[PDB]
Amino acid sequence: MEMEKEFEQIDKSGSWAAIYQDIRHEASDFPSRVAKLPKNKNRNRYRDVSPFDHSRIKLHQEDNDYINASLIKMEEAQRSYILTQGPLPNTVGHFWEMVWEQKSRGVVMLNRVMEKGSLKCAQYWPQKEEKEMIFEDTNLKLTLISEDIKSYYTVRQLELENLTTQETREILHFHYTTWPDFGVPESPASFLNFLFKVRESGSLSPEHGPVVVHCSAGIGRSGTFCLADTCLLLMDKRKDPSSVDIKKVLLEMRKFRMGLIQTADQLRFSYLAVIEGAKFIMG
Ligand SMILES: Cn1cc(Cl)c(C(=O)NC2CCCC2)n1
């Protein structure tokens with residue numbers, strides 16, 4: 001079926017939970033043996049969210065190459081994304097090592113450091129220009145260059161220096177600051193505006209390594225971001241945009257990381273975002 005009318009048909013019939021459970025039943029199951037090794041217990045935020053072995057990002061290190069991060073490679077859309085958990089106190093150096101080694105331009109953050117009165121990820125970037133951060137375990141230095149605070153999101157320019165080689169690179173930090181502690185946003189308008197700002201920066205384009213996107217577990221809000229982006233790109237590329245099947249795209253993405261889209265409300269919000277986004281692209 002088309003999307004917008006499939007949408008109203010699920011609303012009128014109140015069957016979002018049944019649609020979402022079908023997705024969960026059909027999703028891929030692949031091994032995640034490296035994630036479950038005992039030496040990696042303090043590298044995982046949640047015991048039930050792990051990268052598959054076949055798609056995990058490897059650190060360029062011979063001691064321990066493990067990070068909770070997955071490469072989502074979308075062949076028809078010609079887009080790749082790295083989805084990862086929010087960094088932990090003992091993985092902030094690994095996180096920036098990955099950004100460096102994978103040649104990423106942009107980092108997309110969809111959570112606040114504290115939500116619901118608990119810490120959802122480490123404070124992994126500097127908050128003042130004159131107070132830089134040094135990660136001694138991976139030999140990187142990170143400096144805040146500029147910060148632009150808007151009503152729904154903040155964009156930061158960061159300098160990452162590899163202290164072994166003295167090479168430097170500019171990294172863009174795109175921080176969506178207004179996702180509610182509970183539920184999903186009422187309107188997709190600010191989320192779409194944010195997606196378009198990430199696109200306009202070059203961070204999603206083939207001349208750079210894959211964008212790094214995270215929330216707390218790296219599957220819920222993070223899944224919503226890449227699902228909406230890929231569906232809108234496919235609607236622009238194909239002769240028949242009504243052929244784009246968001247459930248099929250989601251199942252394709254779940255070949256590369258488990259659990260993408262965590263609730264039926266996130267599924268409905270993803271439909272809403274793609275539907276409204278497709279009108280603005282043209283109007
Ligand atoms: C971004 N984008 C480009 C196109 Cl084209 C569309 C789209 O969904 N078009 C629909 C019109 C009614 C049926 C298909 N979205």
# chains A, B, ... in the order shown; residues from 1 in each chain; ligands from 1
$ residues_near_ligand --ligand "ligand 1" --cutoff "7 Å" --atoms "only C-alpha atoms and all ligand atoms" --output "PyMOL selection string"
chain A and resi 232-233+235-236+240-242+277-279+281-282
$ residues_around --residues "range 47-53 of chain A" --least-positions-apart "5" --cutoff "9 Å" --atoms "only C-alpha atoms" --output "list in words"
residues 29, 30, 31, 32, 33, 34, 35, 36, 41, 67, 68, 69, 70, 84, 85, 217, 218, 219, 255, 256, 257, 258 and 259 of chain A
$ write_last_selection --atoms "C-alpha atoms" --output "tab-separated table (two decimals), in the first residue's frame"
chain	number	residue	atom	x	y	z
A	29	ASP	CA	18.94	-12.69	14.28
A	30	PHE	CA	22.72	-12.87	13.80
A	31	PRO	CA	25.44	-13.70	16.35
A	32	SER	CA	26.98	-11.06	18.65
A	33	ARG	CA	29.70	-13.21	20.24
A	34	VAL	CA	32.40	-10.53	20.56
A	35	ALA	CA	30.03	-8.19	22.46
A	36	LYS	CA	29.33	-10.90	25.06
A	41	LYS	CA	31.25	-6.12	29.95
A	67	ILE	CA	33.13	-0.94	20.54
A	68	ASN	CA	29.32	-1.10	20.70
A	69	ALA	CA	28.79	0.32	17.18
A	70	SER	CA	27.39	-1.00	13.85
A	84	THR	CA	26.39	3.51	18.40
A	85	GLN	CA	25.39	3.77	22.08
A	217	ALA	CA	21.23	2.71	23.41
A	218	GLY	CA	21.75	3.69	19.77
A	219	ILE	CA	18.62	1.93	18.40
A	255	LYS	CA	19.98	-6.83	9.19
A	256	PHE	CA	22.81	-4.56	10.41
A	257	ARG	CA	21.82	-3.65	14.01
A	258	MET	CA	19.22	-5.22	16.31
A	259	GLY	CA	16.21	-3.43	17.74
$ closest_residue --among "A:173, A:141, A:237, A:150" --to "residue 190 in chain A" --atoms "only C-alpha atoms"
A:150
$ select_by_dssp --residues "range 15-188 of chain A" --states "helix (DSSP H, G or I)" --output "number ranges by chain"
A: 16-26, 38-43, 53-55, 92-101
$ closest_atom_pairs --of "range 141-213 of chain A" --to "range 87-96 of chain A" --cutoff "12 Å" --atoms "only C-alpha atoms" --output "JSON lines"
{"residue": "A:141", "atom": "CA", "partner": "A:96", "partner_atom": "CA", "distance": 9.3}
{"residue": "A:142", "atom": "CA", "partner": "A:96", "partner_atom": "CA", "distance": 8.8}
{"residue": "A:158", "atom": "CA", "partner": "A:96", "partner_atom": "CA", "distance": 11.6}
{"residue": "A:159", "atom": "CA", "partner": "A:96", "partner_atom": "CA", "distance": 11.3}
{"residue": "A:160", "atom": "CA", "partner": "A:96", "partner_atom": "CA", "distance": 8.3}
{"residue": "A:161", "atom": "CA", "partner": "A:96", "partner_atom": "CA", "distance": 10.1}
{"residue": "A:162", "atom": "CA", "partner": "A:96", "partner_atom": "CA", "distance": 10.0}
{"residue": "A:169", "atom": "CA", "partner": "A:96", "partner_atom": "CA", "distance": 11.8}
{"residue": "A:171", "atom": "CA", "partner": "A:96", "partner_atom": "CA", "distance": 10.4}
{"residue": "A:212", "atom": "CA", "partner": "A:95", "partner_atom": "CA", "distance": 9.5}
{"residue": "A:213", "atom": "CA", "partner": "A:95", "partner_atom": "CA", "distance": 11.3}
$ residues_around --residues "residue 102 in chain A" --least-positions-apart "2" --cutoff "10 Å" --atoms "only C-alpha atoms" --output "mmCIF file with N, CA and C atoms, in the first residue's frame"
data_model
loop_
_atom_site.group_PDB
_atom_site.id
_atom_site.type_symbol
_atom_site.label_atom_id
_atom_site.label_comp_id
_atom_site.auth_asym_id
_atom_site.auth_seq_id
_atom_site.Cartn_x
_atom_site.Cartn_y
_atom_site.Cartn_z
ATOM 1 N N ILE A 57 31.739 -2.238 14.073
ATOM 2 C CA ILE A 57 32.928 -1.441 13.784
ATOM 3 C C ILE A 57 34.074 -1.943 14.639
ATOM 4 N N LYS A 58 35.222 -2.221 13.999
ATOM 5 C CA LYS A 58 36.431 -2.620 14.702
ATOM 6 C C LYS A 58 37.358 -1.417 14.914
ATOM 7 N N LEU A 59 37.810 -1.251 16.152
ATOM 8 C CA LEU A 59 38.895 -0.319 16.437
ATOM 9 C C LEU A 59 40.211 -0.875 15.897
ATOM 10 N N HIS A 60 41.077 0.029 15.429
ATOM 11 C CA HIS A 60 42.393 -0.341 14.877
ATOM 12 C C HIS A 60 43.393 -0.449 16.024
ATOM 13 N N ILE A 82 26.940 4.976 10.858
ATOM 14 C CA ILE A 82 27.387 4.209 12.022
ATOM 15 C C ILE A 82 26.430 4.530 13.174
ATOM 16 N N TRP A 96 36.073 8.502 20.171
ATOM 17 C CA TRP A 96 36.765 9.440 19.307
ATOM 18 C C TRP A 96 37.807 8.739 18.417
ATOM 19 N N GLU A 97 38.374 7.625 18.889
ATOM 20 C CA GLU A 97 39.214 6.782 18.040
ATOM 21 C C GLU A 97 38.431 6.303 16.809
ATOM 22 N N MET A 98 37.184 5.848 17.016
ATOM 23 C CA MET A 98 36.337 5.417 15.904
ATOM 24 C C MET A 98 36.061 6.560 14.930
ATOM 25 N N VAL A 99 35.648 7.731 15.447
ATOM 26 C CA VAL A 99 35.404 8.890 14.584
ATOM 27 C C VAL A 99 36.629 9.168 13.706
ATOM 28 N N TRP A 100 37.819 9.137 14.316
ATOM 29 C CA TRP A 100 39.072 9.384 13.598
ATOM 30 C C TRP A 100 39.323 8.316 12.522
ATOM 31 N N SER A 104 34.880 10.096 9.731
ATOM 32 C CA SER A 104 33.596 10.758 9.816
ATOM 33 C C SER A 104 33.766 12.280 9.895
ATOM 34 N N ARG A 105 32.817 12.996 9.308
ATOM 35 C CA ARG A 105 32.779 14.452 9.419
ATOM 36 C C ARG A 105 31.880 14.904 10.566
ATOM 37 N N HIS A 208 32.896 11.829 2.594
ATOM 38 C CA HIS A 208 33.340 11.622 3.969
ATOM 39 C C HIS A 208 33.025 10.190 4.406
ATOM 40 N N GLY A 209 33.663 9.743 5.488
ATOM 41 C CA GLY A 209 33.285 8.510 6.149
ATOM 42 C C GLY A 209 31.860 8.601 6.675
ATOM 43 N N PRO A 210 31.280 7.482 7.145
ATOM 44 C CA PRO A 210 29.882 7.528 7.594
ATOM 45 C C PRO A 210 29.683 8.439 8.816
ATOM 46 N N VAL A 211 28.542 9.126 8.837
ATOM 47 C CA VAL A 211 28.126 9.864 10.026
ATOM 48 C C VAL A 211 28.014 8.905 11.216
ATOM 49 N N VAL A 212 28.381 9.382 12.406
ATOM 50 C CA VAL A 212 28.189 8.622 13.644
ATOM 51 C C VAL A 212 26.915 9.143 14.320
#
$ select_by_dssp --residues "range 83-199 of chain A" --states "strand (DSSP E)" --output "PyMOL selection string"
chain A and resi 83-84+106-109+114-115+118-119+133-135+140-149+153-162+167-176
$ write_last_selection --atoms "C-alpha atoms" --output "mmCIF file, in the first residue's frame"
data_model
loop_
_atom_site.group_PDB
_atom_site.id
_atom_site.type_symbol
_atom_site.label_atom_id
_atom_site.label_comp_id
_atom_site.auth_asym_id
_atom_site.auth_seq_id
_atom_site.Cartn_x
_atom_site.Cartn_y
_atom_site.Cartn_z
ATOM 1 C CA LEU A 83 24.895 3.661 14.890
ATOM 2 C CA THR A 84 26.386 3.512 18.399
ATOM 3 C CA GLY A 106 29.732 14.666 11.687
ATOM 4 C CA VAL A 107 28.399 13.281 14.984
ATOM 5 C CA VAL A 108 24.589 13.296 15.543
ATOM 6 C CA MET A 109 23.420 13.218 19.219
ATOM 7 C CA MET A 114 20.807 13.604 31.864
ATOM 8 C CA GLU A 115 17.211 12.475 31.234
ATOM 9 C CA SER A 118 19.725 9.598 35.410
ATOM 10 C CA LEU A 119 22.845 9.776 33.239
ATOM 11 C CA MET A 133 39.981 17.344 26.564
ATOM 12 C CA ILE A 134 42.814 14.835 26.222
ATOM 13 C CA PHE A 135 42.048 11.096 25.896
ATOM 14 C CA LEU A 140 43.615 12.222 20.945
ATOM 15 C CA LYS A 141 42.946 15.869 21.782
ATOM 16 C CA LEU A 142 39.528 17.511 21.365
ATOM 17 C CA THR A 143 38.870 21.301 21.401
ATOM 18 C CA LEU A 144 35.611 23.282 21.239
ATOM 19 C CA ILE A 145 35.937 25.850 18.409
ATOM 20 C CA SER A 146 32.433 27.395 18.309
ATOM 21 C CA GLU A 147 28.871 26.701 19.427
ATOM 22 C CA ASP A 148 25.539 27.877 17.950
ATOM 23 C CA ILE A 149 22.528 27.318 20.280
ATOM 24 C CA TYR A 153 19.160 21.956 18.553
ATOM 25 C CA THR A 154 22.762 23.089 18.959
ATOM 26 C CA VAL A 155 25.600 22.841 16.382
ATOM 27 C CA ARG A 156 29.194 22.759 17.545
ATOM 28 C CA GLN A 157 32.465 22.965 15.648
ATOM 29 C CA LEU A 158 35.156 20.716 17.199
ATOM 30 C CA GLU A 159 38.863 20.121 16.412
ATOM 31 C CA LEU A 160 40.107 16.544 16.770
ATOM 32 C CA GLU A 161 43.901 16.105 16.791
ATOM 33 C CA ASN A 162 45.731 12.808 16.486
ATOM 34 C CA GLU A 167 47.160 15.732 12.070
ATOM 35 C CA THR A 168 43.963 17.716 12.760
ATOM 36 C CA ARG A 169 40.377 17.526 11.505
ATOM 37 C CA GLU A 170 37.210 19.558 11.893
ATOM 38 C CA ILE A 171 34.226 17.576 13.285
ATOM 39 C CA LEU A 172 30.647 18.919 13.335
ATOM 40 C CA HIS A 173 28.475 18.019 16.394
ATOM 41 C CA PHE A 174 24.714 18.112 15.679
ATOM 42 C CA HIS A 175 22.816 17.944 18.996
ATOM 43 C CA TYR A 176 19.016 17.587 18.980
#
$ atom_distance --atom1 "CA of residue 245 in chain A" --atom2 "CA of residue 207 in chain A"
28.0 Å
$ closest_atom_pairs --of "range 183-206 of chain A" --to "range 260-266 of chain A" --cutoff "12 Å" --atoms "only C-alpha atoms" --output "Markdown table"
| residue | atom | partner | partner_atom | distance |
| --- | --- | --- | --- | --- |
| A:183 | CA | A:265 | CA | 7.1 |
| A:184 | CA | A:266 | CA | 6.6 |
| A:185 | CA | A:266 | CA | 9.5 |
| A:186 | CA | A:265 | CA | 10.7 |
| A:188 | CA | A:266 | CA | 11.3 |
$ closest_residue --among "A:244, A:269, A:6, A:202" --to "residue 189 in chain A" --atoms "only C-alpha atoms"
A:269
$ atom_distance --atom1 "CA of residue 270 in chain A" --atom2 "CA of residue 73 in chain A"
19.3 Å
$ atom_distance --atom1 "CA of residue 16 in chain A" --atom2 "CA of residue 253 in chain A"
19.7 Å
$ residues_around --residues "residue 5 in chain A" --least-positions-apart "4" --cutoff "12 Å" --atoms "only C-alpha atoms" --output "list in words"
residues 1, 9, 10, 11, 12, 242, 271, 272 and 275 of chain A
$ closest_residue --among "A:247, A:128, A:116, A:103" --to "residue 182 in chain A" --atoms "only C-alpha atoms"
A:116
